[PDB]
Amino acid sequence: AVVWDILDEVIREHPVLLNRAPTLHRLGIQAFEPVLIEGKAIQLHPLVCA
Amino acid sequence: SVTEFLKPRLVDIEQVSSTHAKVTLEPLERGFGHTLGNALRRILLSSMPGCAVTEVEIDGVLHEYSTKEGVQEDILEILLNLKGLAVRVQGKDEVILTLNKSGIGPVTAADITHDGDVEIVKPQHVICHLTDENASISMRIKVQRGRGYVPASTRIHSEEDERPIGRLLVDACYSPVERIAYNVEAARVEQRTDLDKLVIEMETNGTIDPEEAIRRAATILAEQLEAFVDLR
Amino acid sequence: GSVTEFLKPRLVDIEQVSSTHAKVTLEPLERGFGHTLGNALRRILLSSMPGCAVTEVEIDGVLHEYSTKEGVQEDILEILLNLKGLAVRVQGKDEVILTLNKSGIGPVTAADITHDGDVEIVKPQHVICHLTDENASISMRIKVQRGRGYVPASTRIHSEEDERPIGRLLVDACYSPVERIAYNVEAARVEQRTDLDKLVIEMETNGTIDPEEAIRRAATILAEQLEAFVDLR
Amino acid sequence: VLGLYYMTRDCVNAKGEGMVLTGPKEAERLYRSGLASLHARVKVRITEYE
Amino acid sequence: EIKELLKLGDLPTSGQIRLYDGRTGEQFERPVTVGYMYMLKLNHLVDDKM
Amino acid sequence: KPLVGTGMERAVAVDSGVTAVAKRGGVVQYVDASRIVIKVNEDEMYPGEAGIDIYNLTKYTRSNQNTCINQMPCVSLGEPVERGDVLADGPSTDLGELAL
């Protein structure tokens, strides 16, 4: 579990890029600051999903 | 043991002001945050005992839209100001106060007839503006101790239709809370990620600090429950 | 007057229509108190109630749940599903072992389970399997324990029991004995006093838990949680 | 959008029509306490800025 | 015929019922359509794609 | 079963190969988790035949898309069975009706 603590420490300010094929226009790739959830689905904010 | 439950820590309080404050709890079991927040909001809104101003009488007034010269604002505006009057009485549950003034400018609660049993918390509050000299305002207002909230259409009755010309009615916002909100979020401990973390945002008039109000609400609910808990 | 005071509720009446179906009444309650109390009670009752459940099964001659036995009508998976439905009360132990032996053609029912004097099978009519040959026989051991909520078998094995044997099987444990809760509120008549309410709660549960103990336990938990609020600086 | 539309739509007659609220906080209270429905038309004291 | 079957079943004729929100214990002002539906799982399980 | 069906479920479930259908009428003599033994009635049996038919169910096997394939009996001892009856359900079948 110390690995989980380290993992929570590392990403605290580490943006990641989300991409949806096809990337029709440049909005198709965007940057987000992650939050860690159990499960296996990536969770988006609906507004940007539009 | 099955009886185990993760009691929360009073993880923080953040006072934006004497009236405005936030209180946060972490962690709580799944679904406990919602029930506790909902129950507290209910009790604060509908059952908190308070002291409020309910009637006003003015000699030249028969109805809420009775025209009056000299005063800057309309009668309904002064009614709203009275509704906003922060007042607490420690003595009798029913008190009558009078205000009489002739002066250009604001009519603050500082000019009410003071009494040792009653504290106006915010004397700086303005009831109205009186536009001119040789113009006067004269009123009597009635303050009462009650529980919850009562609007005008609720208090009016045919059993109390025997009213004189000079009687007006004010909504008695006894419960001193001005706003209660709570929101629920996720928190993690012991690699568990199925937990409730609770945030409460609160505003109340200057009668009491919000912490005191929350403690009072908790005590009320516990005293309600007490007849059931056979445990120590 | 007495605006700062309150009346207090009590369990003025309790009624039982069946081993599973029960009705409880609280009186008197002040305005608005009825709904908040009913909502809190429903929440806590659904979530928290301690329960007794079936966790481990061991059957001779069976190595895994997907196999089949000679004489049983249903597959092993079906009989595990049947056992998951079992409801049982245990008093003296935090975990207990149950034993079953049957032979000969016919249904096998919880009545055939061999039990200790501290174990109550609520509904022996609950079938488990059918034996369809005279020489067919079934002989099994069951492990029963007490816990809150619901725990999947995945996290159960994630508890990392050292040296897991081969011939023992794991099922999900739905401990919670409460199945449905409803509350209703109506105008009271106590001493002809106005603004009083009578609250009623109806519940369907496994015949295990006592309704009165259930409500007292729920109120206990709620008061305990509120105590942390009472302390706040 | 559906929620906002419902929240702002008024009706000719509703619970507590015509009363006066000294501030939006009291409007929120009266809604949450259930003594007035969202659609009811009322006079309210409001501050704005420019 | 649907209405007749419902009427013999003692359910509301419109098929909408009143409903209470469990999380607060209050009542939705609008009636809601509650019924029974037939649902499938589509063999695109998340753990096969993550 | 699906509550709001279309009647077609019977034909599709029987016509597919997954379900075991009663090729010869009679009375079900014996059943277990995997075997079905049926006594053919006196008139239906051919001269010189043993008058008994047996079926073996595909208990568990890899489907062509990794799903399970299982056959479960849905009759009990001594129940009469009729020509074209369904003795054993297959995947997504209950009492011979499609059960997706």
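The table for this structure:
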quantity: Any hit, the stretch B:175-198, residues being at negative phi, surrounded by fewer than 18 Cβ atoms within 10 Å (Cβ to Cβ), within 14 Å of chain C (Cβ to nearest Cβ) and part of a loop (DSSP other than H, G, I, E, B); calculated: yes
quantity: Among (1) hydrophobic (A, V, I, L, M, F, W, C); (2) touching a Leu at 6+ places or on another chain (Cβ under 8 Å); (3) in contact (Cβ under 8 Å) with a residue 24 or more places away in the chain - the single one B:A152 does not satisfy; calculated: (3)
quantity: Residue identified as surrounded by 14 or more Cβ atoms within 10 Å (Cβ to Cβ), within 13 Å of another protein chain (Cβ to nearest Cβ) and in contact with a strand residue (DSSP E or B) (Cβ under 9 Å, 6 or more places away or on another chain) among B:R41, B:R88; calculated: B:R41
quantity: Checklist (1) within 13 Å of chain C (Cβ to nearest Cβ); (2) surrounded by 16 or more Cβ atoms within 10 Å (Cβ to Cβ); (3) in contact with a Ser or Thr (Cβ under 6 Å, 6 or more places away or on another chain) applied to B:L231, failing item; calculated: (2)
quantity: Boolean, E:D10 is free of Cβ contacts under 8 Å to residues at least 60 places away in the same chain, within 14 Å of chain C (Cβ to nearest Cβ) and not basic (K, R); calculated: no
quantity: Residues of the stretch B:95-118 that turn out to be surrounded by fewer than 17 Cβ atoms within 10 Å (Cβ to Cβ) and either farther than 22 Å from B:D74 by Cα or of a type in the set (A, V, I, L, M, F, W, C) (or both), as a count; calculated: 8
quantity: Residues (within 30 Å of A:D5 (Cβ to Cβ) and assigned to a loop (DSSP other than H, G, I, E, B)) located in the stretch A:16-42; calculated: A:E33, A:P34, A:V35, A:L36, A:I37, A:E38, A:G39, A:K40, A:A41, A:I42
quantity: Breaking point among (1) in contact with a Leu (Cβ under 6 Å, 6 or more places away or on another chain); (2) farther than 30 Å from B:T3 by Cβ, for C:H130; calculated: (1)
quantity: Verdict on F:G26 being more than 30 Å from F:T6 (Cβ to Cβ), away from chain C (no Cβ under 14 Å) and touching a residue at least 40 places away in the same chain (Cβ under 8 Å); calculated: yes
quantity: Subset of the stretch C:101-159 (residues that are within 14 Å of chain B (Cβ to nearest Cβ), among the small types (G, A, S) and farther than 18 Å from C:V57 by Cα); calculated: C:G149
quantity: Strands (runs of 3 or more DSSP E) within the stretch B:35-113 that include 1 or more residues polar (S, T, N, Q); calculated: B:49-58, B:94-101, B:105-108
quantity: Any chance B:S17 is surrounded by fewer than 18 Cβ atoms within 10 Å (Cβ to Cβ) and either in contact (Cβ under 8 Å) with a residue 60 or more places away in the chain or not assigned by CATH to the domain that holds B:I180 (or both); calculated: no
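Okay, residues lined up against (1) basic (K, R); (2) touching a residue at least 24 places away in the same chain (Cβ under 8 Å); (3) closer than 30 Å to F:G78 by Cα; (4) within 12 Å of another protein chain (Cβ to nearest Cβ):
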{"position": "C:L26", "(1), (2), (3), (4)": "no, yes, no, yes"}
{"position": "C:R31", "(1), (2), (3), (4)": "yes, yes, no, yes"}
{"position": "C:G34", "(1), (2), (3), (4)": "no, yes, no, yes"}
{"position": "C:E56", "(1), (2), (3), (4)": "no, yes, no, no"}
{"position": "C:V62", "(1), (2), (3), (4)": "no, yes, yes, yes"}
{"position": "C:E65", "(1), (2), (3), (4)": "no, yes, yes, yes"}
{"position": "C:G71", "(1), (2), (3), (4)": "no, yes, yes, yes"}
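Note that each Cβ is placed from the backbone with ideal geometry, even for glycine, and that neighbours are counted across all protein chains shown. All of this is worked out from the model, or read from it or from the source named; no laboratory read-out is quoted.
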